[PDB]
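Here's the structure we're looking at; comments come further down.
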Amino acid sequence: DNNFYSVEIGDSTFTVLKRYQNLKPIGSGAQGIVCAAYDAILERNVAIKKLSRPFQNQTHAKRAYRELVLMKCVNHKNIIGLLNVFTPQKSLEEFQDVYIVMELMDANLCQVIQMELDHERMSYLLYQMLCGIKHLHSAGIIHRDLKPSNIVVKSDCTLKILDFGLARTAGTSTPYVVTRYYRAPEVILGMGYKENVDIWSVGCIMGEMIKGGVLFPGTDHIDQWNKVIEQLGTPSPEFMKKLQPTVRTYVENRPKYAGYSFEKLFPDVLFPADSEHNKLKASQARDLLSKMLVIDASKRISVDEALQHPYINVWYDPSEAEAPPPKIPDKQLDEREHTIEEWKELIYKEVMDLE
Amino acid sequence: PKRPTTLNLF
């Protein structure tokens with residue numbers, strides 16, 4: 001009778017606004033199950049991520065509030081669009097479960113990677129990827145965790161980014177947070193990261209796309225390393241002496257490698273026939289991959305370098321490339337710790353604005 | 001060089 005209602009989705013409950021029905025589930029985010037739904041009002045498909053008592057943990061609470069804010073202040077046609085927050089409870093006293101209502105993209109990379117793409121399509125998808133990426137970068141924010149399962153595309157060939165539990169400014173300042181395969185060496189071998197970490201992923205993601213399968217697979221966090229330098233090759237001494245001794249000892253001990261050339265890494269037999277006039281050459285995407293799939297974090301390409309790059313610039317629209325960073329009210333910063341309870345407030349606090 | 005407006009997820 002009141003504002004809400006529940007539905008039994010498996011061993012989960014969604015209590016949500018009557019206005020949203022017909023919930024299938026769709027996946028888990030960083031820390032919430034997410035559900036597809038009908039918006040009665042808007043008469044349009046949505047996503048609903050529920051996060052169960054996020055305040056239970058310095059993990060949860062932190063990397064949840066993040067999303068909250070981030071989601072809100074975020075403003076770019078390549079990030080998934082927030083459409084609503086809420087909680088059913090009466091007050092801080094009662095409070096626990098949050099819900100986040102978002103746009104429902106048709107699909108996600110996993111099975112784009114599946115079909116064989118025309119250069120243009122491939123390129124475009126990348127293009128956009130980066131432009132979105134550019135966005136948070138332009139605000140000091142780093143996704144930290146981009147993957148197929150995180151990129152969503154629409155049947156017109158629009159493409160967006162998801163889930164912001166992970167996103168923050170540089171470090172280190174958190175071990176096995178990020179997804180195994182798309183871990184960049186500066187992470188694999190925890191040295192601490194900077195924003196062109198995201199570029200690496202894009203590389204694998206793109207690679208994967210072209211490749212047909214995961215680029216650097218790897219059965220366990222440690223076996224990853226090998227896979228990287230199998231294909232890419234044992235990094236320089238100059239790189240090495242930056243690792244922590246404890247770690248390097250091992251790395252150096254790992255047998256030496258040339259690795260392949262990107263061409264053999266990614267032969268044409270995989271690419272489609274080519275464009276009208278160049279820019280969209282196989283060699284050129286290789287040349288991209290080449291500047292992103294670089295073991296050295298410091299000897300790597302930027303995004304504005306990635307958008308300058310020939311294979312990408314063909315669609316270059318500065319009103320997509322260089323719009324304003326979002327504004328984070330700086331009372332929040334992605335680092336500082338709080339209390340067992342302090343958090344419960346912040347959220348309810350931050351939720352109460354939004355709803 | 002025109003941006004594409006379809007994507008197939010068959």
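Scheme for the structure tokens: letters A, B, ... for chains in order shown; per-chain residue numbers from 1; ligand numbers from 1 in order shown.
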| said: At a cut-off of 6 Å, which residues of chain B touch chain A? Count only C-alpha atoms and give the answer as a PyMOL selection string. | reply: chain B and resi 5-7
Can those selected residues be exported to a file as a PDB file, in the first residue's frame so that it contains N, CA and C atoms?
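In the end it all went to result-v8.pdb:
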```pdb
ATOM      1  N   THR B   5      25.923   3.406 -37.659  1.00  0.00           N
ATOM      2  CA  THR B   5      24.750   3.588 -36.795  1.00  0.00           C
ATOM      3  C   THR B   5      24.038   2.308 -36.445  1.00  0.00           C
ATOM      4  N   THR B   6      24.640   1.179 -36.758  1.00  0.00           N
ATOM      5  CA  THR B   6      24.045  -0.065 -36.348  1.00  0.00           C
ATOM      6  C   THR B   6      25.125  -0.889 -35.689  1.00  0.00           C
ATOM      7  N   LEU B   7      24.725  -1.822 -34.832  1.00  0.00           N
ATOM      8  CA  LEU B   7      25.628  -2.882 -34.403  1.00  0.00           C
ATOM      9  C   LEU B   7      24.885  -4.186 -34.208  1.00  0.00           C
TER      10      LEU B   7
END
```
| query | Running DSSP on the backbone, which parts of stretch 128-318 of chain A land in strand (DSSP E), as a VMD selection string? | reply | chain A and resid 151 to 153 159 to 161
Let me see the file: selected residues, C-alpha atoms, as a PDB file, in the first residue's frame.
```pdb
ATOM      1  CA  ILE A 151      31.730  -2.149 -21.403  1.00  0.00           C
ATOM      2  CA  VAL A 152      28.235  -1.985 -22.771  1.00  0.00           C
ATOM      3  CA  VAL A 153      27.104  -1.321 -26.334  1.00  0.00           C
ATOM      4  CA  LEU A 159      29.147   2.250 -26.207  1.00  0.00           C
ATOM      5  CA  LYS A 160      29.391   2.993 -22.424  1.00  0.00           C
ATOM      6  CA  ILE A 161      31.313   2.291 -19.226  1.00  0.00           C
TER       7      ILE A 161
END
```
| query | Expressed in Å to a single decimal, how great is the separation between atom CA of residue A:82 and atom CA of residue A:179? | reply |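 It comes out at 23.9 Å.
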| Expressed in Å to a single decimal, how great is the separation between atom CA of residue A:334 and atom CA of residue A:64? |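 Taking atom CA of residue A:334 as the start and atom CA of residue A:64 as the end point, the length is 10.9 Å.
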| task | Determine which residues of stretch 34-268 of chain A DSSP labels as alpha helix (DSSP H) from the backbone of this structure, then write them out as a PyMOL selection string. | result | chain A and resi 58-73+119-137+185-188+197-211+221-231+237-240+245-253+262-265
| field | For residue B:8, the nearest of the candidates A:247, A:113, A:104, A:37, counting only C-alpha atoms | value | A:113
| Atomic separation - atom CA of residue A:76 relative to atom CA of residue A:99, Å |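 Result for atom CA of residue A:99 versus atom CA of residue A:76: 21.6 Å, one decimal.
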